[PDB]
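You are given structure tokens for the same protein chain in two forms, set apart as structure 1 and structure 2.
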Structure 1
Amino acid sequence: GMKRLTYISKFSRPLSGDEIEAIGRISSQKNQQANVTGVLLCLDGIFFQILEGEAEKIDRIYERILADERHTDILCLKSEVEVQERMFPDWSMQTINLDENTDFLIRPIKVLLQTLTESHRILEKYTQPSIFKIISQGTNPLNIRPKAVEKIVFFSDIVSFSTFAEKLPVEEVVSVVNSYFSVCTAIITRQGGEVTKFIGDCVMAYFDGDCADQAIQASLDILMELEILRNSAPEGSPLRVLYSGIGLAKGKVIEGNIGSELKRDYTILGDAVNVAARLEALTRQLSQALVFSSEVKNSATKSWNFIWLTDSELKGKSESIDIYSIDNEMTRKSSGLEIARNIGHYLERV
């Protein structure tokens, strides 16, 4: 089957018109040998490209394009499969430098192209990268049919977050929560999970149902990085009292086109509110930064140093489930209200 990809990217360093022209001419030479066609346009440090050809050949080229150091922030806008005919059959690669174009009608089109692209980049920061993953795979996220899938669900939150808001100027609270969300998001993504939303100071994330080992490793890595962050912050920095609790459970999530037609999403976990609230109660109650359910513990395959802590209920059922953690130096902590009082005393004096 024929495939056609459309993407936009950004110059990761200044490029001259001659340098853009050579990319186009060399792209033409290579695509001709691959029986691939398309068009490359540049405008004010933005690349736009459409590539079409045999799916296997398209992916090889796009893999190479992704790796090219000369541009960054590569976003696939559209991925067509089973394409019946080419849009650009005589263009192995046609290059159109819009900066140099001065045609009468193209001038307002350039302004609109630029504006649509900048707008699109704004929106990209405010949507989940999993919708773009669906898009890069050749499927409209609005067309996903409903599916029940078991996931590992990750909930973390900030210990005594209300103390920050009460004791610090608002710009500094934002700075702390951003440092927290950044640490969590980078590690979860590194470990193959995906952040689905922030609920206040709570980070909610999914791992595949068979990836409990990765969810546990992500949790430990987050705790390790927050300890390093606390230790290494400037004197008097609020980050010195940034602590997290983390809870893991398994949940039956539903994938689909979900929402209000006004607002949509790709996933729903029923009673996420209550699982998060119950996990937060356990991390506070147990003086344990990481807690997870029996289902998570027994889905893991690696030889984690598991420790049984208590029974709780997470789902609002009457089923009493075993709560576990990892026993290592990091999780071997003493208290509770002492943590709360410590944070407030410290933040009062900075």
Structure 2
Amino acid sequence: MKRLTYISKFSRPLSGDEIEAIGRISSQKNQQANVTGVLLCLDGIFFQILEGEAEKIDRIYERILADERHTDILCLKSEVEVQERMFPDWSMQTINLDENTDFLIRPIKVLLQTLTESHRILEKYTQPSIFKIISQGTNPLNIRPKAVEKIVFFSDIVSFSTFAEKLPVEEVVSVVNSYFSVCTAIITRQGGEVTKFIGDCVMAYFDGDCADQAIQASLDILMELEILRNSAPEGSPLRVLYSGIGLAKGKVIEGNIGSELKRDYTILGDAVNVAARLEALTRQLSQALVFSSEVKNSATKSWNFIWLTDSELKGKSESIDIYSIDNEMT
């Protein structure tokens, strides 16, 4: 048995009648799927618990994400191997807390709103990776550090200083946020984890045996930015949004890093400086993407590799072979 808890936001103002309609249909369909649960709403926020056979639940849940009347769905907990039903009497018990006024529910419905309002804000400042760990019943703070091989991704906007010196504050942030949004969307799509933003820089990493997906994310980013530049409106600052990209491979420490007040779940190691160094080299070369031979050697597909003879790196241990992809972009 699987039990699923989640929360969402009202996509549009719903009346107490529309909510009841959802509960009724939900009750009918859950009655036949041998599913039980409870649906609660409070000042434009939905809360639902859903329990039953994992297969049947997976079906119902993915259909709930299709529902237009709510958005910002976030699953707080996914229990597997459950043996007991929390609410074996209710196929769907709807509880509109906005109308309930029992004196004992009053202190609890206030705290619930306060805790939820705060939670939904912390989400935006939190990495989506932590939420997945929490949902699985693992406390990410209790994770012990470990050494692991990763592909480190570094990309940095070209000559961002001029933007700040010639554009209003609102437009600079708009340019950098658009860039971060494009990078994050493609990296996450290829399995990458965006760990840190460093000024106008994106820091990310891939599994150590995923060099093909790091190269493909890099290439797709460069393609997306070229379409972005050519399709931007007239006089838009996005027309001159260029980036470099550097990829390196190496053994890094992954784990909780920081102080008692704040910490990050990120990586640490030499491969970070190499990736950063390589990204910087793109300013000198015509190629916007450069990577080490350990990345090139870890790829499984037959990329159009080009061997670059500009390995003037500093701070490393020995010589490093530099590579790029020879295509219309680079």
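The first residue in the sequence of structure 1 is number 1, and each one after it adds one. Take the two forms, find the largest set of C-alpha atoms that superpose within 1.5 Å, and that set is the rigid core.
- Comparing the rigid parts between structure 1 and structure 2, the hinge point among 200, 236, 227, 280 is 280; every other option is more than 12 positions away from any hinge.
- Relative to the larger rigid part, the smaller part rotates 18 degrees between structure 1 and structure 2, based on C-alpha fits.
- Superposed on the core, the two forms differ at residue 136, whose C-alpha moves 2.3 Å between structure 1 and structure 2.
- In the rigid-core superposition between structure 1 and structure 2, residue position residue 102 carries a C-alpha shift of 1.7 Å.
- After superposing on the rigid core, the C-alpha of residue 39 is displaced by 4.3 Å between structure 1 and structure 2.
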